Amino acid sequence: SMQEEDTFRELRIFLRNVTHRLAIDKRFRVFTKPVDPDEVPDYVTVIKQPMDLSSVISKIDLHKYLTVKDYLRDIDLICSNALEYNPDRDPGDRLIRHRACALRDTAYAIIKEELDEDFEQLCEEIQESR
Ligand SMILES: Cn1c(=O)ccc2ccccc21
């Protein structure tokens, strides 16, 4: 119905806003764009599902997230990809990992403070029924 279309529109507005806030944080600059295959040629061969915040924005806009849980799975994927691709003890790898964890923690903290749980439940139930 139009009431359901309005729910999902509110979801998209909410998710763009959260993603924007992550995207303008200087710690998370590394996560704002897809990894450049010139800059990092073995990335695509190691990491099977690349994800970054620009792509998250494209996915919102393509109506790919029907719940906040589905969004958080992609935020999780940014983080897990960074942990897996950069596993070593050296400071380069530790910096990116720490940033990856801070990205994930921040996304979850914003959603905990700002997402109404009954709004998420509504989205899940509309999604369950389609
Ligand atoms: C996320 N990420 C990595 O996980 C590894 C290298 C790299 C290089 C440029 C930008 C992002 C990058």
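All residue numbers in this chain count up from 1 along the given sequence. Note that these values count all heavy atoms, side chains included, but never hydrogens, waters or copies made by symmetry.
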Under-4.0 Å salt bridge between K33 and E39: no
Would you say that more than 12 heavy atoms from the other residues, nucleotides or ligands in this model lie under 6.0 Å from the CD of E114, or not? yes
Would you check if the side chain of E120 reaches a backbone N or O of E117 as a donor-acceptor pair within less than 3.5 Å? no
Who clusters with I47? Use side-chain heavy atoms, under 4.5 angstrom, across I, L, V, M, F, W and Y, and order the result by chain and number. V35, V40, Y43, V46, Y85
Pair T67-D70, side-chain donor/acceptor within less than 3.5 Å: yes
Determine, stepwise, if the pair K69 / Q127 fulfils side chain to side chain contact (heavy atoms under 4.5 Å, CB included). CA-CA 11 Å; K69 277 195 194 198; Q127 179 201 51; over 6 Å; no
Identify, with sequence neighbours excluded, every residue that meets side-chain hydrogen bond (donor to acceptor under 3.5 Å, both in side chains) alongside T7. none
If you round to the nearest 0.5 Å, how far is CG of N17 from CD1 of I60? 10.0 Å
Is the CZ atom of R27 crowded by more than 12 outside heavy atoms at less than 6.0 Å? yes
Residue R21 excluded, over 12 heavy atoms near CZ under 6.0 Å: yes
Could you go step by step and tell me if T32 and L22 meet the side chain to side chain contact (heavy atoms under 4.5 Å, CB included) rule? CA-CA 9 Å; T32 53; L22 301 173; over 6 Å; no
Let me confirm one number: the CD-CD distance from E125 to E4, rounded to the nearest 0.5 Å. 11.0 Å
Start with the C-alpha gap between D52 and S55, add the side-chain angles, then the distance that decides, and say whether side-chain hydrogen bond (donor to acceptor under 3.5 Å, both in side chains) holds. CA-CA 5 Å; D52 68 276; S55 302; 2.7 Å; yes
Taking all non-hydrogen atoms of both residues, which atom of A107 and which atom of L72 are closest, and how far apart? CB-CD2, 4.4 Å
Mark yes or no for whether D88, through its side chain, and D90, through its backbone, hold a donor-acceptor pair below 3.5 Å. no
Would you give the length of the straight line joining atom CD1 of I110 to atom OG1 of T106, rounded to the nearest 0.5 angstrom? 6.5 Å
Taking atom CE of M51 and atom NZ of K59, what is their separation to the nearest 0.5 Å? 4.0 Å
Give the minimum heavy-atom separation between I96 and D93, together with the two atoms involved. CG2-O, 3.2 Å
Give me the atom names and distance for the closest heavy-atom approach of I126 to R130. O-CG, 3.3 Å
Test your reading of the model: is there a side-chain donor-acceptor pair from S80 to the backbone of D76, 3.5 Å cut-off? yes
Run the side chain to side chain contact (heavy atoms under 4.5 Å, CB included) test on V56 and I78 for me, step by step, so that the C-alpha distance in whole Å, both residues' side-chain angles and the decisive distance to 0.1 Å come before the verdict. CA-CA 10 Å; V56 166; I78 299 174; 4.2 Å; yes
Residue pairs passing the ring-ring contact (aromatic ring centres under 6.0 Å, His included) test where at least one lies in residues 99-121, sequence neighbours excluded: none
Which atom pair, heavy atoms only, marks the closest approach of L66 to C123? O-CB, 3.3 Å
What closest approach, in Å, do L11 and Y65 show between heavy atoms, and which atom pair accounts for it? CD2-O, 3.4 Å
Answer yes if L83 and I75 sit in the same cluster of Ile, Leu, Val, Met, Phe, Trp and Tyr residues linked by side chain heavy atoms under 4.5 Å apart, and no otherwise. no
Spell out, yes or no, whether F8 and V18 are grouped together once hydrophobic residues are joined by side-chain heavy atoms under 4.5 Å, including indirect joins. yes
Shortest non-hydrogen contact from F31 to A82? CE2-CB, 3.9 Å
Test item: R12 side-chain N/O and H63 main-chain N/O as donor-acceptor pair under 3.5 Å: no
For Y71 and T19, run side chain to side chain contact (heavy atoms under 4.5 Å, CB included): C-alpha distance rounded to whole Å, both residues' side-chain angles, the deciding distance at 0.1 Å, then the answer. CA-CA 10 Å; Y71 177 83; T19 311; 2.8 Å; yes
Look only at the side chain of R94 and the backbone of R89, and say whether a donor-acceptor pair between them is shorter than 3.5 Å. yes
